[PDB]
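Trainee: Here it is, the structure in full.
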Amino acid sequence: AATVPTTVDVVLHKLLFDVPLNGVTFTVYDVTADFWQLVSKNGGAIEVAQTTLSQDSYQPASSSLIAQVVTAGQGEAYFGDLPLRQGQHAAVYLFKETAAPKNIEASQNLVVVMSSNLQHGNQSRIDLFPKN
Amino acid sequence: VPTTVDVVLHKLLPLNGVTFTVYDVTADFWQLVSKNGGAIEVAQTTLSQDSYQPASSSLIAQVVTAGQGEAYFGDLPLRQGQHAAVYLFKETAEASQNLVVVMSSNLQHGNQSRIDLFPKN
Ligand SMILES: [Mg+2]
Numbered sequence: 031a032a033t034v035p036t037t038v039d040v041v042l043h044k045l046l047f069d070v071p072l073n074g075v076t077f078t079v080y081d082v083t084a085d086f087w088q089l090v091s092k093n094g095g096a097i098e099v100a101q102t103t104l105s106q107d108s109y110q111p112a113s114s115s116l117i118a119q120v121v122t123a124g125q126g127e128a129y130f131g132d133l134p135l136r137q138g139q140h141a142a143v144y145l146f147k148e149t150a151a152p153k154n155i156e157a158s159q160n161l162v163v164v165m166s167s168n169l170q171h172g173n174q175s176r177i178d179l180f181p182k183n
Numbered sequence: 034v035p036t037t038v039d040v041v042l043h044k045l046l071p072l073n074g075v076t077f078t079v080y081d082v083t084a085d086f087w088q089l090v091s092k093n094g095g096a097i098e099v100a101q102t103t104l105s106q107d108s109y110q111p112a113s114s115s116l117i118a119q120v121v122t123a124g125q126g127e128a129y130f131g132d133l134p135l136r137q138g139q140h141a142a143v144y145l146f147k148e149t150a156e157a158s159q160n161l162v163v164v165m166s167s168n169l170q171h172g173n174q175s176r177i178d179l180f181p182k183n
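The listed protein sequences derive, respectively, from chains A and E. Numbered according to the entry's author numbering, the first sequence spans residues 31 to 47, 69 to 183. Numbered according to the entry's author numbering, the second sequence spans residues 34 to 46, 71 to 150, 156 to 183.
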């Protein structure tokens, strides 16, 4: 379907302090417009914008929710065919844990930027290992 | 749910400017396997022959080798209808061998995001 790198696969791994944790719901949101608006305002501070959009304060637009996926196999949450671009802009995605069994410690939110390397089609899969 | 895979064909010495064409051979492939009694390799070899003329409506994408002799085919469907997808990879413009790739159980299960093909000569 693609003659040029158009999409990437993102697998989030929920492990314990060597221990996979299956049945944990991760939700992926498109934060592309808000992300580049924040970076353009702050003067090119990418890390600062990743940290700001990773906060529990930030309430994404309800129409930004792309997919909701449960951890299976080796604590893997598979997000296939995430667009590299949202319009003319490199895509940026927020990954939140929105549901977990009881006694499963909560994971940190992750803001991922579809950087030059990914736009160029060098990686078919991104493997994320969230802390917390 | 795993719906597509990426296929990169490598034409190595890298040989850039070589046109690889990918065809959907799913229907003919499963018709051949059902006729021969489940011989997958035999059907891969039969559809890899220069004899086999694919249906004109089966051509998906035509891609030129660039960078490290790489021909990138992104978002190839794992299924064509209810069936596991099967693709024929030909050099259409020393010549390389044709490859018939089956979207097997492992690929249907989403264990590989990319298939890296190295055709012989
Ligand atoms: Mg894709």
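Heads up, the beta-carbon is just placed ideally off N, CA and C, and yes, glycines get one too.
How would you call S167/A, buried or exposed, if buried means at least 16 neighbouring beta carbons within 10 angstroms?
Mentor: The residue is exposed, with fewer than 16 neighbouring Cβ atoms inside 10 Å.
Trainee: For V40/E, I'd like the list of residues in its chain whose CB is within less than 6 Å of its CB, leaving aside the five on either flank, ordered along the chain.
Mentor: These residues qualify, in order along the chain: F130, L133 and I177.
Trainee: Going by DSSP in three states, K92/E sits in which element: helix, strand or coil?
Mentor: Looking at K92/E - three-state DSSP - the assignment turns out to be helix.
Trainee: Under 8 Å, Cβ to Cβ, is there at least one residue of chain A near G131/E?
Mentor: For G131/E, the answer is yes, since a Cβ of chain A falls inside 8 Å of its Cβ.
Trainee: Note down, in chain order, all residues in the region 105–129 of chain E with a beta-carbon under 7 Å from any beta-carbon belonging to chain A.
Mentor: Here the close residues are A118, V120 and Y129.
Trainee: Using the rule of at least 16 other Cβ atoms within 10 Å of the residue's Cβ for burial, across every protein chain shown, is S108/A buried or exposed?
Mentor: The residue in question, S108/A, is exposed, as its Cβ has fewer than 16 Cβ neighbours within 10 Å.
Trainee: Given a limit of 8 Å on CB to CB distance, which residues of the region 161–172 of chain E reach chain A?
Mentor: Here the close residues are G172.
Trainee: Using only the alpha-carbon positions, how far apart do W87/A and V79/E sit?
Mentor: Answer to the nearest angstrom: the Cα atoms are 37 Å apart.
Trainee: Do we get a CB-CB distance below 8 Å when we pair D39/A with the residues of chain E?
Mentor: Yes - at least one Cβ of chain E is within 8 Å of the one on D39/A.
Trainee: What three-state label does DSSP hand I155/A in the structure shown?
Mentor: In this structure, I155/A counts as coil in the three-state DSSP scheme.
Trainee: Quick check: the Cα distance between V82/A and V120/A, rounded to an integer number of angstroms?
Mentor: Cα-Cα distance, rounded: 18 Å.
Trainee: As a quick exercise: from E127/E, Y144/E and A128/E, pick the residue whose alpha carbon is nearest that of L135/E.
Mentor: Closest by alpha carbon: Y144/E.
Trainee: Is there at least one Cβ from chain A nearer than 8 Å to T36/E's Cβ?
Mentor: Interface residue, yes.
Trainee: Assign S113/A to buried or exposed, taking buried as 16 or more other Cβ atoms, counted over all protein chains shown, within 10 Å of its Cβ.
Mentor: Exposed.
Trainee: For chain A, check one thing: does any of its Cβ atoms lie closer than 8 Å to the Cβ of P134/E?
Mentor: Yes, because at least one Cβ of chain A sits closer than 8 Å to the Cβ of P134/E.
Trainee: So what's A142/E in DSSP terms, helix, strand or just coil?
Mentor: Reduced to three states, the DSSP call for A142/E is coil.
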